[PDB]
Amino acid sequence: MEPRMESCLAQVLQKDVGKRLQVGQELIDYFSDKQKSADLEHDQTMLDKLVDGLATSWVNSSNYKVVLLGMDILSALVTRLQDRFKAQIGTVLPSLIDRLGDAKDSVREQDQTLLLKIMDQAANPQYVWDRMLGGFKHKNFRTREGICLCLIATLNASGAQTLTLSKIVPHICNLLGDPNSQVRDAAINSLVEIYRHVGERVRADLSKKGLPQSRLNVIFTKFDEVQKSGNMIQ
């Protein structure tokens, strides 16, 4: 193609899957080359349009290879733009949140990898998580599970100090009574991980939330197991 923003935008908007598979990597090279893409933030309007095209069209593609490649292009953008990507986070998040529950595990996993990278280079964990809480109520059980997993992954990447956990825990608690057993496991797991990073405070928070006692029993027993194993992180 051409090393120009209108050329790249056009290759992002065009909807031929074969051509997308062919130029995804060229788009990556363009954004990761400061000379070829020196004009990147000259026109904020078509920068916005390009991110938007990736999020709405590539990420939502029915071809999972297009989804993964689109996520990769986004990833190159984050590396190139750093904190200036913060302006784009809101635009990309709904489709990334959805794709935490995609049919393909490879997509769920790269999606998490990208999300973590956005938290690391475009903003911070809490700015992104303030905007992801909607995912807890997503109708696809694989997305609710994905949110809990992504929270675990976040604790390990950045530590509990970077999250306002008191904001997030109520949502997980809601997930404890999920119709889906995998979502319920994932939520219990999330609470166990939080406890590993934070300790007894979580047990107090949880006890004051009017959960059924059956639920409290399962979780607290698991907390006790963590203590027994000296598996605390902190």
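Residue numbers here begin at 1 and follow the sequence given.
The mean C-alpha temperature factor is higher for 81-89 when 138-146 and 81-89 are set side by side. Note on 126-134 vs 157-165: mean CA B-factor is higher in 157-165.
Highest C-alpha temperature factor among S57, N174, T45, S190 per the entry: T45. Across the residues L100, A103, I118, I73, the deposited record lists the maximum Cα B factor for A103.
Ranked by Cα temperature factor within the chain, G24 sits in the middle third according to the deposited record. Per the PDB record, residue ranking by Cα B-factor puts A38 in the highest third of the chain. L68 sits in the lowest third of its chain by CA B factor, as recorded in the PDB entry.
Looking at the C-alpha B-factors along this chain, the one for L9 belongs to the lowest third.
Ranked by C-alpha B-factor against the other modelled residues of its chain, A204 falls in the highest third.
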